[PDB]
>>> print(open('work.cif').read())   # mmCIF, C-alpha atoms
data_input
#
loop_
_atom_site.label_atom_id
_atom_site.label_comp_id
_atom_site.auth_asym_id
_atom_site.auth_seq_id
_atom_site.Cartn_x
_atom_site.Cartn_y
_atom_site.Cartn_z
CA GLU A 1 125.99 106.63 122.25
CA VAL A 2 123.51 109.32 121.16
CA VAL A 3 120.11 107.66 120.80
CA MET A 4 117.92 109.19 118.08
CA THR A 5 114.21 108.47 118.48
CA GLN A 6 111.97 109.28 115.54
CA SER A 7 108.21 109.65 115.76
CA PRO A 8 105.67 108.66 114.77
CA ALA A 9 106.83 105.23 113.53
CA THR A 10 104.30 105.37 110.68
CA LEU A 11 102.49 108.26 109.04
CA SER A 12 99.70 108.35 106.44
CA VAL A 13 99.03 111.67 104.66
CA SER A 14 96.74 112.87 101.85
CA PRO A 15 98.24 114.02 98.53
CA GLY A 16 98.81 117.76 98.38
CA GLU A 17 98.95 118.08 102.18
CA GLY A 18 102.02 118.36 104.40
CA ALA A 19 103.83 115.74 106.48
CA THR A 20 105.70 116.54 109.70
CA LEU A 21 108.34 114.07 110.92
CA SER A 22 110.12 114.42 114.25
CA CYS A 23 113.41 113.31 115.75
CA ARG A 24 114.69 113.71 119.31
CA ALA A 25 118.29 113.16 120.40
CA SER A 26 119.22 111.85 123.85
CA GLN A 27 121.66 114.76 124.26
CA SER A 28 122.33 117.98 122.41
CA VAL A 29 123.78 117.51 118.92
CA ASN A 30 123.62 121.25 117.99
CA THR A 31 122.75 121.29 114.26
CA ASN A 32 124.88 118.26 113.31
CA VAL A 33 121.92 116.31 111.92
CA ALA A 34 121.03 114.91 108.49
CA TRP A 35 117.85 113.44 107.02
CA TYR A 36 117.55 110.65 104.43
CA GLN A 37 114.83 109.23 102.21
CA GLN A 38 114.86 105.50 101.39
CA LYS A 39 112.51 104.04 98.79
CA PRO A 40 111.96 100.26 98.60
CA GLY A 41 114.90 98.32 97.24
CA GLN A 42 117.07 101.44 97.02
CA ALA A 43 119.91 103.07 98.93
CA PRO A 44 119.18 106.08 101.17
CA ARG A 45 119.23 109.53 99.55
CA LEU A 46 120.51 112.55 101.48
CA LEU A 47 117.77 115.23 101.79
CA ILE A 48 118.96 117.71 104.43
CA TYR A 49 122.17 118.28 106.37
CA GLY A 50 123.15 120.75 109.06
CA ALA A 51 119.54 120.31 110.29
CA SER A 52 118.23 122.79 107.71
CA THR A 53 120.38 122.85 104.53
CA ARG A 54 118.81 121.22 101.46
CA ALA A 55 121.16 118.87 99.60
CA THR A 56 121.90 119.51 95.93
CA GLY A 57 119.08 118.35 93.67
CA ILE A 58 116.48 118.12 96.46
CA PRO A 59 113.10 119.84 95.78
CA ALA A 60 112.18 122.89 97.85
CA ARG A 61 109.14 121.10 99.32
CA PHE A 62 111.56 119.27 101.67
CA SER A 63 112.57 121.43 104.65
CA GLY A 64 114.36 120.73 107.92
CA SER A 65 114.50 122.66 111.17
CA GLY A 66 115.58 122.43 114.79
CA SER A 67 118.57 122.64 117.08
CA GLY A 68 119.92 120.94 120.18
CA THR A 69 117.74 117.88 120.83
CA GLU A 70 114.61 118.49 118.70
CA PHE A 71 114.52 118.20 114.90
CA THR A 72 111.78 118.29 112.29
CA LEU A 73 111.51 117.35 108.62
CA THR A 74 108.55 118.92 106.80
CA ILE A 75 107.41 117.70 103.38
CA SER A 76 104.92 120.02 101.71
CA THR A 77 102.60 119.23 98.77
CA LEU A 78 102.98 115.47 99.18
CA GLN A 79 103.00 113.36 95.98
CA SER A 80 102.52 109.60 95.55
CA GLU A 81 106.24 109.29 94.76
CA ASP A 82 107.14 110.48 98.28
CA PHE A 83 106.23 107.05 99.70
CA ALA A 84 109.39 106.04 101.56
CA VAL A 85 111.05 105.49 104.93
CA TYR A 86 112.73 108.62 106.30
CA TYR A 87 115.73 108.40 108.65
CA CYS A 88 117.51 110.98 110.73
CA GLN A 89 121.22 110.79 111.56
CA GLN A 90 123.52 112.58 114.02
CA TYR A 91 127.19 113.29 113.37
CA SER A 92 127.87 115.44 116.42
CA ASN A 93 129.20 112.74 118.76
CA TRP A 94 130.79 109.68 117.18
CA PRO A 95 131.80 106.86 117.05
CA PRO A 96 129.23 105.46 116.86
CA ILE A 97 127.44 107.38 114.14
CA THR A 98 123.77 106.82 115.01
CA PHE A 99 120.50 106.82 113.06
CA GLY A 100 116.91 107.11 114.12
CA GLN A 101 114.79 104.01 113.65
CA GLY A 102 112.93 105.46 110.60
CA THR A 103 109.42 106.75 109.92
CA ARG A 104 107.39 105.07 107.19
CA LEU A 105 105.32 107.55 105.15
CA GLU A 106 102.27 106.18 103.30
CA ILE A 107 100.38 108.33 100.77
CA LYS A 108 96.59 108.17 100.90
CA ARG A 109 94.33 107.93 97.86
CA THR A 110 90.71 107.29 96.93
CA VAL A 111 89.31 104.04 98.35
CA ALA A 112 89.61 101.28 95.76
CA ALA A 113 88.08 97.82 96.10
CA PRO A 114 90.27 94.84 95.12
CA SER A 115 89.71 92.72 92.06
CA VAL A 116 89.82 89.14 93.34
CA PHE A 117 91.22 86.09 91.51
CA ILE A 118 91.65 82.49 92.71
CA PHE A 119 94.11 79.94 91.28
CA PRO A 120 94.00 76.13 91.71
CA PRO A 121 97.26 74.18 92.09
CA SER A 122 99.00 73.11 88.92
CA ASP A 123 99.10 69.43 87.99
CA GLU A 124 102.90 69.78 88.01
CA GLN A 125 102.91 70.76 91.69
CA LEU A 126 100.53 67.94 92.61
CA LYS A 127 103.19 65.45 91.48
CA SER A 128 105.31 66.72 94.41
CA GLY A 129 102.82 65.90 97.20
CA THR A 130 101.84 69.51 98.02
CA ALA A 131 99.08 71.75 96.68
CA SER A 132 99.14 75.55 96.85
CA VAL A 133 95.89 77.46 96.30
CA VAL A 134 96.47 81.16 95.66
CA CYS A 135 94.05 84.12 96.03
CA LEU A 136 95.09 87.47 94.48
CA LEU A 137 93.66 90.85 95.59
CA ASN A 138 94.73 93.37 92.99
CA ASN A 139 95.12 97.19 93.17
CA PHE A 140 93.24 98.23 96.28
CA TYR A 141 93.35 100.89 99.01
CA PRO A 142 93.51 101.08 102.01
CA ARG A 143 95.96 98.29 102.84
CA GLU A 144 93.77 96.67 105.53
CA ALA A 145 91.92 93.67 104.11
CA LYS A 146 90.71 90.36 105.52
CA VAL A 147 91.05 87.17 103.50
CA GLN A 148 89.59 83.90 104.77
CA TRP A 149 89.74 80.45 103.19
CA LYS A 150 86.93 77.90 103.19
CA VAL A 151 87.28 74.30 101.95
CA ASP A 152 83.88 72.59 101.54
CA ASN A 153 82.52 75.37 103.81
CA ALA A 154 85.09 74.66 106.58
CA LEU A 155 87.01 77.75 107.68
CA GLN A 156 90.76 77.19 107.38
CA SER A 157 93.20 78.12 110.16
CA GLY A 158 96.96 77.91 110.46
CA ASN A 159 97.73 76.90 106.86
CA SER A 160 97.83 80.16 104.91
CA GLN A 161 100.27 83.05 104.58
CA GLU A 162 99.85 86.43 102.94
CA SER A 163 102.20 88.87 101.22
CA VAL A 164 101.51 92.52 100.29
CA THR A 165 103.33 94.60 97.68
CA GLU A 166 104.95 97.90 98.50
CA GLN A 167 102.65 100.84 97.91
CA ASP A 168 102.70 101.68 94.20
CA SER A 169 104.65 104.91 93.68
CA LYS A 170 102.40 106.00 90.79
CA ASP A 171 98.83 105.19 91.90
CA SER A 172 99.34 104.47 95.66
CA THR A 173 97.54 101.09 95.56
CA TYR A 174 98.45 97.74 97.10
CA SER A 175 98.13 94.16 95.92
CA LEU A 176 97.97 91.10 98.15
CA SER A 177 98.48 87.36 97.66
CA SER A 178 97.25 84.69 100.10
CA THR A 179 98.51 81.11 99.70
CA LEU A 180 96.70 78.15 101.23
CA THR A 181 99.03 75.13 101.52
CA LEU A 182 97.65 71.58 101.69
CA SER A 183 98.99 68.11 101.16
CA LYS A 184 98.00 66.48 97.89
CA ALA A 185 95.91 63.87 99.74
CA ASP A 186 93.89 66.54 101.55
CA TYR A 187 93.52 68.54 98.33
CA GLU A 188 92.09 65.50 96.54
CA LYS A 189 89.57 64.74 99.31
CA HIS A 190 87.81 68.08 99.07
CA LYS A 191 85.89 69.77 96.29
CA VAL A 192 84.98 73.43 96.80
CA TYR A 193 87.84 75.89 97.44
CA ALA A 194 86.80 79.45 98.22
CA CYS A 195 88.46 82.65 99.41
CA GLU A 196 86.35 85.37 101.07
CA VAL A 197 87.53 88.98 100.99
CA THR A 198 86.51 91.83 103.31
CA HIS A 199 87.58 95.40 102.51
CA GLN A 200 86.41 98.96 103.09
CA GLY A 201 85.65 99.42 99.40
CA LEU A 202 83.32 96.38 99.26
CA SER A 203 79.71 96.82 100.37
CA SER A 204 79.67 93.11 101.26
CA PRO A 205 82.29 90.32 101.28
CA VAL A 206 83.37 88.98 97.89
CA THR A 207 83.83 85.23 97.42
CA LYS A 208 85.71 83.57 94.58
CA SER A 209 85.76 79.80 94.36
CA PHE A 210 86.44 76.81 92.15
CA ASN A 211 85.52 73.13 92.24
CA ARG A 212 88.39 70.68 92.00
CA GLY A 213 88.13 68.61 88.83
CA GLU A 214 85.81 71.05 87.06
#
>>> encode(input="work.cif", output="structure tokens")
Amino acid sequence: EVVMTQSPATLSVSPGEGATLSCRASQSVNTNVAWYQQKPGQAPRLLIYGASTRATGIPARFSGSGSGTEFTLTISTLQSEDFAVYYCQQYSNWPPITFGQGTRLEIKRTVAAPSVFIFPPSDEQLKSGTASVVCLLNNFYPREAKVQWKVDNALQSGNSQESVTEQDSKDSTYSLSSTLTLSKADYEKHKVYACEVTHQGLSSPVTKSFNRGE
């Protein structure tokens, strides 16, 4: 099979600037190459075929070039809506039809500190024997953030998981949710539940907490 290797695996570019995405085939595929854009939760969208021909309906800021083994997709005047994974494809030697592994394009924006919220477990959940404490970091950039849980000042390890939204296509921010999972018995032994947030937009860590029963 013809192996298509895209690079870099991830790219982060400022709005209004250009992005350059590369693809390299393990043997010559002439100009029998296509590029696709895939936004989260959606099907791929054909951008370019024949290495350099823009598909119908595709803005002129998308351009493709190359021949043989080396191919490039250039996206000028980047906008927040261009957040997506971009795939190359070869149709010169098949079966199999082969795709590159994708390049994820993030769009940069102004640093934004998260707003932090903490949520105790519901009384309904406590009937089940488990307690989930949730800490929400809303609308921040960049994506890197550190969230640490303390229960009566004891740092928690091994009992939390975090989830991060896809980058917002309008304002390029992220949101994050960290869930601390405890048994009901452990939840009822302890009093002060706190989540500590570290982020580039915060001069110092931000702590939000609650006291059980208050």
>>> atom_distance(input="work.cif", atom1="CA of residue 159 (chain A)", atom2="CA of residue 114 (chain A)")
22.7 Å
>>> resolve_selection(input="work.cif", expression="the PyMOL selection byres ((chain A and resi 68) around 9)", output="number ranges by chain")
A: 24-25, 27-32, 66-67, 69-71
>>> residues_around(input="work.cif", residues="residue 187 (chain A)", least_positions_apart="2", cutoff="12 Å", atoms="all atoms listed in the file", output="ChimeraX atom specification")
/A:120-123,125-126,129-133,151-152,180-185,189-193,211-213
>>> closest_atom_pairs(input="work.cif", of="region 64-93 of chain A", to="region 13-23 of chain A", cutoff="8 Å", atoms="all atoms listed in the file", output="Markdown table")
| residue | atom | partner | partner_atom | distance |
| --- | --- | --- | --- | --- |
| A:70 | CA | A:23 | CA | 6.1 |
| A:71 | CA | A:23 | CA | 5.1 |
| A:72 | CA | A:22 | CA | 4.6 |
| A:73 | CA | A:21 | CA | 5.1 |
| A:74 | CA | A:20 | CA | 4.7 |
| A:75 | CA | A:19 | CA | 5.1 |
| A:76 | CA | A:18 | CA | 4.3 |
| A:77 | CA | A:16 | CA | 4.1 |
| A:78 | CA | A:16 | CA | 4.8 |
| A:79 | CA | A:15 | CA | 5.4 |
| A:80 | CA | A:15 | CA | 6.8 |
| A:88 | CA | A:23 | CA | 6.9 |
>>> closest_residue(input="work.cif", among="A:124, A:1, A:188, A:82", to="residue 172 (chain A)", atoms="only C-alpha atoms")
A:82
>>> resolve_selection(input="work.cif", expression="the PyMOL selection byres ((chain A and resi 148-150) around 6)", output="ChimeraX atom specification")
/A:147,151,153-156,194-196
>>> closest_residue(input="work.cif", among="A:134, A:58, A:164, A:107", to="residue 83 (chain A)", atoms="all atoms listed in the file")
A:107
>>> atom_distance(input="work.cif", atom1="CA of residue 43 (chain A)", atom2="CA of residue 102 (chain A)")
13.8 Å
>>> residues_around(input="work.cif", residues="residue 33 (chain A)", least_positions_apart="4", cutoff="8 Å", atoms="all atoms listed in the file", output="list in words")
residues 29, 49, 50, 51, 88, 89, 90, 91 and 92 of chain A
>>> write_last_selection(input="work.cif", atoms="C-alpha atoms", output="PDB file, in the frame of the given file")
ATOM      1  CA  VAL A  29     123.780 117.510 118.920  1.00  0.00           C
ATOM      2  CA  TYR A  49     122.170 118.280 106.370  1.00  0.00           C
ATOM      3  CA  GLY A  50     123.150 120.750 109.060  1.00  0.00           C
ATOM      4  CA  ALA A  51     119.540 120.310 110.290  1.00  0.00           C
ATOM      5  CA  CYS A  88     117.510 110.980 110.730  1.00  0.00           C
ATOM      6  CA  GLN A  89     121.220 110.790 111.560  1.00  0.00           C
ATOM      7  CA  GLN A  90     123.520 112.580 114.020  1.00  0.00           C
ATOM      8  CA  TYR A  91     127.190 113.290 113.370  1.00  0.00           C
ATOM      9  CA  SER A  92     127.870 115.440 116.420  1.00  0.00           C
TER      10      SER A  92
END
>>> resolve_selection(input="work.cif", expression="the PyMOL selection byres ((chain A and resi 86) around 6)", output="PyMOL selection string")
chain A and resi 36-37+85+87+102-103
>>> closest_residue(input="work.cif", among="A:112, A:145, A:176, A:55", to="residue 198 (chain A)", atoms="only C-alpha atoms")
A:145
>>> closest_residue(input="work.cif", among="A:173, A:6, A:34, A:201", to="residue 97 (chain A)", atoms="all atoms listed in the file")
A:34
>>> atom_distance(input="work.cif", atom1="CA of residue 106 (chain A)", atom2="CA of residue 207 (chain A)")
28.5 Å
>>> closest_residue(input="work.cif", among="A:163, A:60, A:101, A:119", to="residue 177 (chain A)", atoms="all atoms listed in the file")
A:163
>>> axis_aligned_box(input="work.cif", around="region 47-60 of chain A", padding_each_side="8 Å", output="lines of an AutoDock Vina configuration file")
center_x = 117.7
center_y = 119.1
center_z = 102.0
size_x = 27.0
size_y = 23.7
size_z = 32.6
>>> closest_residue(input="work.cif", among="A:110, A:93, A:115, A:203", to="residue 142 (chain A)", atoms="all atoms listed in the file")
A:110
>>> decode(input="work.cif", residues="region 46-69 of chain A", atoms="N, CA and C atoms", output="mmCIF file, in the first residue's frame")
data_model
loop_
_atom_site.group_PDB
_atom_site.id
_atom_site.type_symbol
_atom_site.label_atom_id
_atom_site.label_comp_id
_atom_site.auth_asym_id
_atom_site.auth_seq_id
_atom_site.Cartn_x
_atom_site.Cartn_y
_atom_site.Cartn_z
ATOM 1 N N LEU A 46 -14.605 17.567 0.957
ATOM 2 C CA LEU A 46 -13.551 17.679 -0.051
ATOM 3 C C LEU A 46 -13.159 19.148 -0.279
ATOM 4 N N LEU A 47 -11.862 19.448 -0.153
ATOM 5 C CA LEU A 47 -11.309 20.782 -0.383
ATOM 6 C C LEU A 47 -10.622 20.913 -1.731
ATOM 7 N N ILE A 48 -9.738 19.967 -2.041
ATOM 8 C CA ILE A 48 -8.821 20.042 -3.179
ATOM 9 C C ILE A 48 -8.729 18.651 -3.786
ATOM 10 N N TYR A 49 -8.700 18.560 -5.112
ATOM 11 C CA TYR A 49 -8.377 17.293 -5.756
ATOM 12 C C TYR A 49 -7.391 17.554 -6.888
ATOM 13 N N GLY A 50 -6.818 16.478 -7.429
ATOM 14 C CA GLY A 50 -5.761 16.658 -8.410
ATOM 15 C C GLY A 50 -4.608 17.469 -7.871
ATOM 16 N N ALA A 51 -4.364 17.386 -6.563
ATOM 17 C CA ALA A 51 -3.298 18.075 -5.832
ATOM 18 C C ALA A 51 -3.519 19.583 -5.743
ATOM 19 N N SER A 52 -4.097 20.209 -6.775
ATOM 20 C CA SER A 52 -4.188 21.665 -6.781
ATOM 21 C C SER A 52 -5.530 22.245 -7.217
ATOM 22 N N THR A 53 -6.529 21.437 -7.551
ATOM 23 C CA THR A 53 -7.795 21.978 -8.037
ATOM 24 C C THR A 53 -8.772 22.152 -6.879
ATOM 25 N N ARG A 54 -9.266 23.373 -6.695
ATOM 26 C CA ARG A 54 -10.230 23.660 -5.635
ATOM 27 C C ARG A 54 -11.601 23.060 -5.956
ATOM 28 N N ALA A 55 -12.197 22.352 -4.997
ATOM 29 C CA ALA A 55 -13.529 21.809 -5.236
ATOM 30 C C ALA A 55 -14.578 22.929 -5.279
ATOM 31 N N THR A 56 -15.707 22.631 -5.918
ATOM 32 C CA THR A 56 -16.781 23.613 -6.025
ATOM 33 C C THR A 56 -17.239 24.061 -4.644
ATOM 34 N N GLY A 57 -17.394 25.371 -4.475
ATOM 35 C CA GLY A 57 -17.845 25.942 -3.225
ATOM 36 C C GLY A 57 -16.761 26.204 -2.199
ATOM 37 N N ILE A 58 -15.502 25.914 -2.512
ATOM 38 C CA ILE A 58 -14.425 26.025 -1.525
ATOM 39 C C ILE A 58 -13.755 27.392 -1.650
ATOM 40 N N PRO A 59 -13.599 28.147 -0.557
ATOM 41 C CA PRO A 59 -13.037 29.506 -0.663
ATOM 42 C C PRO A 59 -11.622 29.511 -1.228
ATOM 43 N N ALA A 60 -11.260 30.630 -1.863
ATOM 44 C CA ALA A 60 -9.958 30.739 -2.519
ATOM 45 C C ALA A 60 -8.790 30.728 -1.534
ATOM 46 N N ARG A 61 -9.041 30.951 -0.242
ATOM 47 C CA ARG A 61 -7.946 30.911 0.722
ATOM 48 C C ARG A 61 -7.385 29.509 0.925
ATOM 49 N N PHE A 62 -8.067 28.467 0.447
ATOM 50 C CA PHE A 62 -7.534 27.102 0.479
ATOM 51 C C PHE A 62 -6.819 26.830 -0.844
ATOM 52 N N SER A 63 -5.563 26.389 -0.773
ATOM 53 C CA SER A 63 -4.775 26.115 -1.970
ATOM 54 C C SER A 63 -3.938 24.864 -1.756
ATOM 55 N N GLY A 64 -3.778 24.069 -2.805
ATOM 56 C CA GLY A 64 -2.966 22.869 -2.741
ATOM 57 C C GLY A 64 -1.872 22.910 -3.788
ATOM 58 N N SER A 65 -0.750 22.250 -3.490
ATOM 59 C CA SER A 65 0.325 22.173 -4.471
ATOM 60 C C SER A 65 1.109 20.879 -4.276
ATOM 61 N N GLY A 66 1.961 20.582 -5.247
ATOM 62 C CA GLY A 66 2.877 19.465 -5.156
ATOM 63 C C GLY A 66 2.642 18.429 -6.240
ATOM 64 N N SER A 67 3.576 17.488 -6.296
ATOM 65 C CA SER A 67 3.606 16.471 -7.333
ATOM 66 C C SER A 67 4.555 15.368 -6.892
ATOM 67 N N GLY A 68 4.268 14.141 -7.325
ATOM 68 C CA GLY A 68 5.156 13.029 -7.035
ATOM 69 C C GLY A 68 4.991 12.463 -5.640
ATOM 70 N N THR A 69 5.823 12.886 -4.687
ATOM 71 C CA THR A 69 5.719 12.372 -3.327
ATOM 72 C C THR A 69 5.453 13.443 -2.278
#
